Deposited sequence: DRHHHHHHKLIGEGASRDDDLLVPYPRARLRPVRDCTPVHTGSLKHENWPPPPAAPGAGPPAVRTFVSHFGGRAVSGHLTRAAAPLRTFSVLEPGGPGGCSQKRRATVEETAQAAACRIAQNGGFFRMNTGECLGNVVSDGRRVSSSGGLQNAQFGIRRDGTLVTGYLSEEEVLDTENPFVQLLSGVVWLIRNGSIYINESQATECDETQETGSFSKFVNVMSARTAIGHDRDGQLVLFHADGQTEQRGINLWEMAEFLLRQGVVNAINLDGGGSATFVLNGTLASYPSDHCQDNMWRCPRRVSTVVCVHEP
């Protein structure tokens, strides 16, 4: 019927509730095509791992954040596979997006899909990547006051854990202090950053183009952590980037069909089944 949801990469085993200044970076839009998908099997720390790197021009026109099963997915606490959501949205390239609660399925953190707020952070502060109507690519942390600005408002936005790069500099350490909570253990979260597994990320490059990353693997066995990931991205010319859901949620859909190897297993156990995720990251051409 679906996945067994075994390969879990959880930043917080204890669900966070709804009860150092924090600012964000914005990159103006250079004036300007199809995406550029690149498959690879490269070595990190002596381990070969497979993944994908994507590039798109006109993020304001080719980028979109989708809800599980179409508009209103988060409002109904819905969960759908990247293929189902991508096939319905006719996305050239698609992969899983923000985090969620597996059992309930609601979308956690700020989320903007086509100028519509679908989820709110609720006082919590994590890494977020969004685009404003003027065409500026934003990354980092924003307050709900800035999120709600009606002058050059966000058109597409999602949130993830850790801010991977800021202005061409690694920003993991700066996120470890900001995005870590003290009520939960400090080593359950630090593992989420250091443990090896399949994960995804999103960012942009010096030329003003959107970037999407995906790496296959397994929790503790195969894949990469967040440290190894950022360096490869810097080698690829990304300015700002944030991490996204990974583990069994790591899914890369190309032309509406699965192109990655999910980490989770099927009920039959032998085979790997894609996970039903909340929001999806979509790239297309009108």
Numbered from 1 on the deposited sequence, the unmodelled stretches are 1-13, 33-41, 55-58
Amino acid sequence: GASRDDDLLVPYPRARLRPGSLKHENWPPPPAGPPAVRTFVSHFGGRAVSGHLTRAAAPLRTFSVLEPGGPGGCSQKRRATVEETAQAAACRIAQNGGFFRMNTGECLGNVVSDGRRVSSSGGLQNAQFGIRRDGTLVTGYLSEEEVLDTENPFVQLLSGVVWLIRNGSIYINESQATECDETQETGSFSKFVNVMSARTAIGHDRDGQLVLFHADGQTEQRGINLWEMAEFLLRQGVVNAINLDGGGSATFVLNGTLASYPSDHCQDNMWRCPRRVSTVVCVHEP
From here on, numbers count along this sequence of modelled residues.
Higher-B stretch (mean Cα B-factor, as the entry records it), 222-230 or 257-265 | 222-230
Of 248-256 vs 48-56, the stretch with the larger average CA B-factor in the entry is 48-56
Out of 93, 82, 177, 212, which residue has the highest Cα temperature factor in the PDB record?
-> 177
Taking the values straight from the PDB record, which of 110, 113, 76, 183 has the highest C-alpha temperature factor?
-> 183
CA B-factor placement of residue 270, once the chain's modelled residues are sorted into thirds | highest
Among the chain's modelled residues, which third holds the C-alpha B-factor of residue 280?
-> lowest
Just say lowest, middle or highest third for the CA B-factor of residue 118 relative to the other modelled residues in its chain.
-> lowest
If you rank every modelled residue in this chain by C-alpha B factor, which third holds residue 133: lowest, middle or highest?
-> highest
With respect to C-alpha B-factor, does residue 22 fall in the lowest, middle or highest third of the chain as deposited?
-> highest
